[PDB]
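Two forms, one protein chain; structure tokens for each follow separately as structure 1 and structure 2.
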Structure 1
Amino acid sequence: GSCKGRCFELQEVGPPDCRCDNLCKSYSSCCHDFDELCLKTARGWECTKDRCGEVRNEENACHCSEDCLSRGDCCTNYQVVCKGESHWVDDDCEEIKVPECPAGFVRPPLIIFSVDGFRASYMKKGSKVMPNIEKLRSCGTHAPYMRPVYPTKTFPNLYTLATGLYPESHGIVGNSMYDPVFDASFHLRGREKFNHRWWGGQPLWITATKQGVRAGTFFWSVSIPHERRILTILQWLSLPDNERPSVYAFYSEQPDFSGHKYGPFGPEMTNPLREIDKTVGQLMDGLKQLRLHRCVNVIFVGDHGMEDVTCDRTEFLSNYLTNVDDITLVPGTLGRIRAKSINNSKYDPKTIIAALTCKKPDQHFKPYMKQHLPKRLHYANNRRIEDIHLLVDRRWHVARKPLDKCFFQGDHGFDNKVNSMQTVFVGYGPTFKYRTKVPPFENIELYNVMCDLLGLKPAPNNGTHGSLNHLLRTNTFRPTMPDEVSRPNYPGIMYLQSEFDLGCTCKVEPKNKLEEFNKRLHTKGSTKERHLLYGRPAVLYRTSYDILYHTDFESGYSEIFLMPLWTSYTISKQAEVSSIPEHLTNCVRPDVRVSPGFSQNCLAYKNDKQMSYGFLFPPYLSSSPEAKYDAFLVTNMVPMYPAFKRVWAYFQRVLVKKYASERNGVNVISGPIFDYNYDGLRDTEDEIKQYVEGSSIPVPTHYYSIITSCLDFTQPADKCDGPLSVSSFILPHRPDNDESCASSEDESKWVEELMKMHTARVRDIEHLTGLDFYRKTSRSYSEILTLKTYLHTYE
């Protein structure tokens, strides 16, 4: 019935018994004397000189008595004030080559110090505002920023940090959610969120416990002052060896709240940032008192950033939809729409999307069916994600009705590539590198690293294990390149023209007469050397495919899908763009290396009134009129809606040359993607739901390209000694350009904007294709893993 000797105990007390732990207030279950015995505030949180050597008074919040280290409850400045010691922040940076842990410690503990809404740029305020944090940052390992997951809200990001999973996989797809199987709603406030049914994957504290590594309780009732959260972690670190946890978390609600109230750039942000730094100082001084400051690994990390958003910048659905009372909207910095009643027969989600599409010239949001959202968001494969999504412009809100000087000036939740949404990462301790800056990375990657830091085997997750090995002084995980599953055929020129009945045509009979004299036509030669700079992609599933060589490009032609899985080619800085001649406009040529039965047919395209075709290697970038004939082979053709061809042709005729001109040449790999069930993974044949009329030619859901060059732009892409530079895209293969409100204009006014929105990581394409890229480079495999997780954000 009492918390005497039980405050913040790690023991698991079940109902109906009254609790004394971290979360007892959140379940309204604390013992009667919890708030007096456990939440002591008397005399504050700092020893003063007059308290040194005091007789312990149990009413005090913390202690300055000679027994306080034994009881695990000294004020964090005890040794500084009472024993002549220095504050941790005033000590020189000194390298930590190996953990320096006291007797009985079997591994370096990990402490995760999570700060809500800590925008990356807040680090610019520097040592005068945040000296402790700046010391951690400069002395340890840090990134310029860390990318959160979408939506850029607390619960999805905190659970992603904990699991290594995208929200669509871990299940916490918003701060608010409705699950139609449960027929229940989850909210940041209330009891429903405590039900385990909502939470998938395997978070770090469970991974640890299952593997015999003791975890502290990661969560803190909001009533518990930050100073007490720090003192409680320090108390647990003082426990005997068989009770003491190896992994801990601290959470602060700041600077998110001040960001919401004052906006991210307010001068009012200074004080909350000082207060957080003061708490970091208490932790570090407290660790130093326990001789753990060169033993513990500390991660300082945020969940997302903060943008300027005021009530004046609100769009209302009632200004677009005449029947707004028939819908429910999850509102604000994103929109999710569903029917207010399932019994409604009037609600048509096609009419909703149409009514929200490009209706006002300065419209500050864009509707999408969830399968059409940028694939980089990985935000579709969950029954809790409504079919209808609104991507809201940064700085704006979307609300249902106008009834919904402002009370708030900041918010977050926007697209996770937006600058204002970026957050922070610092690692400090023996296992992290010393005085080391690392490139920006995604928070999905951290679970693997935290498992490594605790000697744990990670549960399956969406990180790329090894991509963050460069953060650590000592790695225990060494990644290995996956084995190729399907081996290609290398077919020669074996068939005659007469064997093909594809209905294809090239009246004039245009032909390179010289091909009949060219015995070495379509042999390897220097094709692989010039056009496959990083080796052939490996096929990681079982299929039948052919390698096809040409002067200007190489491809891996699927005999199952009747098109390339990948097409690879290099374009020099000085390459010339040429037009398609009049006689070749509608030219498609049989490929004498590939049987008629494993080829597409032009009659399917004639009969399909909605479908046209494009080419993966562009005829516009042919090296000669002779070589241009190769680009019209049936084995280079892919099905394309006419609307999409507007995009593709601009990319191929204009942008590839632009990129080559900007980057000292580029290597391009392009191909189809099939993701009809929107799971982010390559479809099997049975999962493909649309074909070209009357044929077995499957229709891609998307088209990708990976554009690689030398990071050292003084070297051409084909003679690069060092690190690589990559940008990639996964373009939606859509039968209209409704996504692009400016699409009636010249392609120079809209196509690039579309492509930037659909930027992608090479890893995203790998999941979607079952291909493995960059298999033959001069780079270490861990460096290649970092490259494959890179996202070009265009911010």
Structure 2
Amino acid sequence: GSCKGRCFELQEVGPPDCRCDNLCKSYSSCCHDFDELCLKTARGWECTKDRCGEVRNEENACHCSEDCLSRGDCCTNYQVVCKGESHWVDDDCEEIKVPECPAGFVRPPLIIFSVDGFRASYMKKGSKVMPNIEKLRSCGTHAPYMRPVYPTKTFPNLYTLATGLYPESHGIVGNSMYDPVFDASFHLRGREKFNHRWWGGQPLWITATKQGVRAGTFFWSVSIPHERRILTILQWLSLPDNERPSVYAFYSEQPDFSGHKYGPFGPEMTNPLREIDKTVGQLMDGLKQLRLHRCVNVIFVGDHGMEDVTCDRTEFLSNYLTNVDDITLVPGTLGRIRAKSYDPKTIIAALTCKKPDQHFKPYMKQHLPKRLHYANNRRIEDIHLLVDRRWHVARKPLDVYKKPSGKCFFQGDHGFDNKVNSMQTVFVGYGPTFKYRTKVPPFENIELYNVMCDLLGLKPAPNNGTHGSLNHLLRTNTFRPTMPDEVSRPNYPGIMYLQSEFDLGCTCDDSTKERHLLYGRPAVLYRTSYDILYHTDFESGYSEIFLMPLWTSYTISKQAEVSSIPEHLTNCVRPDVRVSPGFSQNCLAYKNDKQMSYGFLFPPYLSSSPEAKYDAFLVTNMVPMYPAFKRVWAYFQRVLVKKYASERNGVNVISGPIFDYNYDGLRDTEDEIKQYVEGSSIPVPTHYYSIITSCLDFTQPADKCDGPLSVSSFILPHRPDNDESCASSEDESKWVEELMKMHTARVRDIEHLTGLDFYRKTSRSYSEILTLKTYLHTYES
């Protein structure tokens, strides 16, 4: 077969017949004359003055002849150089109220322009280096930065962009990975990645195709130059209505390639950024030449940032482990350890707080911060190393490959914790469906799959985005989110039992809703039996199944006083006459459990009076806590809640337990709970959460807030030691806050882990609430 009349055909031809599509090279399937007909390069990609009105020469890469517009193969700058038109970038910003598309366009097309390793801060270089990108950013909708997923590498992040899924769910958990069920390894180099079996979820091109929206072919063989890809996208946009795709992808390997070689701050980065802008220029000039520049939505998006890293800053496992030849390490800016073909507890202990300024921390994957969502996949090794920004971890010094000079290859790298500043990347949306000259807050790249589906009129496949949380990016929204319906309604028990009926082994020395549930009652979204319990200082939703609160809500004013637990109440636990003895915890179980103590969800320390303080010792306010965790919890309750109330002008706090023994980020059922307090059916939480809300305008108190809300949340691991915190032998003021900042979380994360729905009664729109629920308080900003 021949490629004559078929260059970059959108249909693909099955074997044995030869192909002419943009991927044929990658499958060794092109017709003999593909290069000759489809990959013309003569005279480059730009018209010059001397070429204007030339006699057409079919050898040229693109054309500057009078007939080129009608034939559809002009160079992108043809009208500029030969017809006196202006570059798109030199035109004034003008609002696109409505898509201005040629007749027969059913919807505005979407072009996704992805850049690899584009740090958010590169945008500070401005129009002097990147005038086209700067115009898109200024005129369109932009965020200061976009948060990638962990690990902050290309393959996980690009496939998250495509699917809306965390890597643990889509399956591309690294650039490199081993599947023990396949007994095979996936790598950047080689053929294994072309096997469909690695790739889960439903990416945008499949979602589009299944719902009758033409995607064409996203992927390009890497040897086709950038300029040819741009020209081909433009030619596809000129196809007839029954063939023209509605969505296009362009991907650039820059500025990642340069970032690795020169570091993110090297003066050598300027040129690669200029070249990316030149390519954006060609696209926009090219669209303008087709009169599609006010028709198409363009997304300019990065996969991750780039950090300064050097050979000099490498930790070696051979300095900790006596037995490194028995382990396989996925090295670099993260660590994944498994057996060569070895004991996990030994390895973790040998890597835990062994050197004073140790530049990595080992975790069993279930103990990683829940915000990373990096555990529920067989391709994720049990042992994980979180590596400090600017550092590498390697197995042994002679595992590190060198350049001929002896020095390491990289001055830049990425892959670190996705809350690290240097890993943040970019988002700009420009076009008829995006807002005009609008800044939006930072958001996570898991949210974009939904947006792209909305931009194409597609129903998204189930994903980890919160659909509606990015409605404020768009001028017009084809998705209106609705609050989920409550599944279980509470009971409201009154006094039902006499104290004499209780023998729990306990002893003690003898406008609630309005004040303490500021944003309404959380809805329970699964089938269960629970009670609303009111008190002077706090309200709770008490589970009869788990024998403790699902949530506890209370408000602490700026002027609230902290008091001590009187010595005589130290061991006070009181039966709750509203709740059956059989639905209550018992003190005997804690006495007999050598490892387990207990804490309180509402802190006795913040009670409004000595009289009300007795409510805080109710058995229905008690939760199981390891003595090590009580050090953390007690400092949070006695010191930090009041600090936050002073800083934020009051806070509302909702605290509760989380059960996630199978580490899937979702509420466990009873069956899935694997640990109970000794001799009892009191389940042991894997984590404790808190959601701390106040007024965004801190000049207004939390309980009289007219406007937007401000939230910070955490999901603290409920651990029997503080081995995670290397300073834990010191006073809690030296390490507890650091622990908590590491385990910051979104409200949405807590919702997945609890089956609760928060903020059900506010004066805010539901899409603004959805935005609030996806917010992550990072303590870099």
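Every residue number counts along structure 1's sequence, beginning with 1. Definition used throughout: the rigid core is the maximal C-alpha set that superposes within 1.5 Å between two forms.
- Per-residue Cα shift between the two structures after core alignment stays below 2 Å for all of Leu754, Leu39, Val726, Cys741 except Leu39.
- Annotation for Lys25: C-alpha shift of 2 angstroms or more between the two structures, rigid core superposed.
- Relative to the superposed rigid core, the position of the CA of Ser70 differs between the two structures by 2 Å or more.
- When two forms of a protein are overlaid on their rigid core, residues whose CA moves 2 Å or more are considered shifted, and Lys788 is not one of them between the two structures.
- Once the core of the two forms is superposed, the Cα of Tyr659 has moved 0.3 Å between the two structures.
- CA movement of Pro225 between the two structures equals 1.5 Å, with the two forms superposed on the rigid core.
- Comparison between the two structures places the CA of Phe8 2.4 angstrom away from its other position, after core fitting.
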